[PDB]
Amino acid sequence: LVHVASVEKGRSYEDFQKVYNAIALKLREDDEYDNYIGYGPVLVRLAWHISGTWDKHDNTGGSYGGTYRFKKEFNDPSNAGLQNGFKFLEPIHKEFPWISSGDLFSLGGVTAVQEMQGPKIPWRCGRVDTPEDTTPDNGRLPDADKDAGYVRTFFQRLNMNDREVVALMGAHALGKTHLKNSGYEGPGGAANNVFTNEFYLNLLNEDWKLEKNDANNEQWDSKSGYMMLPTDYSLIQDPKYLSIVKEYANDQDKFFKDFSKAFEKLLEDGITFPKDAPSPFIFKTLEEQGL
Ligand code: HEM
């Protein structure tokens with residue numbers, strides 16, 4: 001497969017800035033969801049799940065085709081809980097019917113990180129909706145009950161190296177795990193709807209204890225009332241992942257710069273950009289616009 005990016009006909013930077021402003025205004029408005037965490041965390045989880053199905057070997061999956069709109073992908077057990085981010089963006093897609101699904105789903109993640117005081121993520125337009133028979137089969141997304149070798153091996157399918165994996169996982173400071181969606185329960189830190197380097201500081205400074213939860217799954221719990229998944233805790237058990245974790249705990253600006261590059265790469269995997277294509281867009285936040 002080749003998936004060549006095609007710009008939505010006649011659209012420019014200012015058109016996309018209006019879809020970004022509509023998502024960001026609705027993030028401001030619907031601030032009560034999930035005990036006042038708001039929709040920012042579930043929207044970056046949605047952008048990572050529609051992108052994490054990619055396979056480098058045959059170019060199938062990935063954000064291009066916007067195939068999470070189909071029932072097979074939508075009802076994947078690993079996507080339980082994302083129906084909420086879908087329902088959030090759905091009025092916005094009726095307001096801007098020209099935007100493709102892969103572009104809206106991925107831009108939702110970019111808008112959420114920037115509006116939660118995260119780094120600026122450059123974003124490129126041009127994903128094209130593809131037919132229901134291009135929808136990936138279930139089972140390409142990662143398990144949480146595993147170790148650092150599984151994590152390393154998993155992310156090699158999306159050719160992410162060690163530093164990209166540790167930067168990307170820092171998004172687990174956002175939102176929380178929910179027992180009815182995944183069989184895990186609890187948040188990763190205190191500031192879970194502001195983007196910071198908190199995940200790394202917690203993983204290095206909390207007294208973590210291994211316990212089984214009410215779904216019979218193991219997780220690491222701390223005195224503070226925080227939790228870590230087996231795959232998260234992995235990052236301090238592997239010597240190569242641990243030096244990068246220490247680096248981001250001591251330097252939030254390095255973390256923001258690396259998360260920015262790795263997240264854009266994740267959202268563009270599997271897509272060919274022609275060089276007549278527009279350069280990546282950097283969107284202004286509401287605050288920068290006075291809105
Ligand atoms: C080995 C990789 C990963 C595993 C096993 C994993 C697993 C999980 C699980 C089990 C949840 C909880 C879902 C729920 O109960 O609602 C979760 C939440 C979340 N994940 Fe991941 N994750 C991984 C990687 C990532 C990456 C790379 C990102 C983003 C760049 C990410 C972003 C999020 C976010 C923001 C949440 C919170 C969602 C919410 O509050 O509803 N995850 N993760």
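When a residue number appears, it is its place in the shown sequence, counting from 1. Both counts, for ligands and for their atoms, begin at 1 and track the order of listing.
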Would you list the atom pairs, donor with acceptor, under 3.5 Å between side chains in residues 280-291 and any protein atom, with sequence neighbours excluded?
from	atom 1	to	atom 2	distance (Å)
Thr285	OG1	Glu288	N	3.2
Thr285	OG1	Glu288	OE1	3.4
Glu288	OE1	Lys120	NZ	3.0
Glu288	OE1	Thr285	N	3.0
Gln289	OE1	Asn21	ND2	2.8
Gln289	NE2	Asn21	OD1	3.1

Atom pairs and distances, donor-acceptor, side-chain atoms in residues 228-237, under 3.5 Å, two or more places apart:
from	atom 1	to	atom 2	distance (Å)
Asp232	OD1	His172	ND1	2.9
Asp232	OD2	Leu229	N	3.2
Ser234	OG	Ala148	N	3.0
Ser234	OG	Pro230	O	3.2

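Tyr68 and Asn79 form no side-chain donor-acceptor contact under 3.5 Å, judged by distance and modelled atom types alone. Residues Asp221 and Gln219 bring a donor and an acceptor atom of their side chains to less than 3.5 Å of each other. No side-chain donor from either of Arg127 and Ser100 sits under 3.5 Å from a side-chain acceptor of the other.
Here salt bridge (charged side-chain N to carboxylate O under 4.0 Å, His left out) pairs that include residues 178-191, with residues two or more places apart or in two chains, are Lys176-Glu185.
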Could you go through ligand 1 and list every pair where one of its N or O atoms sits under 3.5 Å from a protein N or O, giving the atom names and the distance to one decimal?
from	atom 1	to	atom 2	distance (Å)
ligand 1	15 (O)	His178	N	2.9
ligand 1	15 (O)	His178	O	3.2
ligand 1	15 (O)	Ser182	OG	2.8
ligand 1	16 (O)	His178	ND1	2.8
ligand 1	16 (O)	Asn181	ND2	3.1
ligand 1	20 (N)	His172	NE2	2.8
ligand 1	22 (N)	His172	NE2	3.0
ligand 1	40 (O)	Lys176	N	3.0
ligand 1	40 (O)	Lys176	O	3.4
ligand 1	42 (N)	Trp48	NE1	3.3
ligand 1	42 (N)	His172	NE2	2.8
ligand 1	43 (N)	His172	NE2	2.9

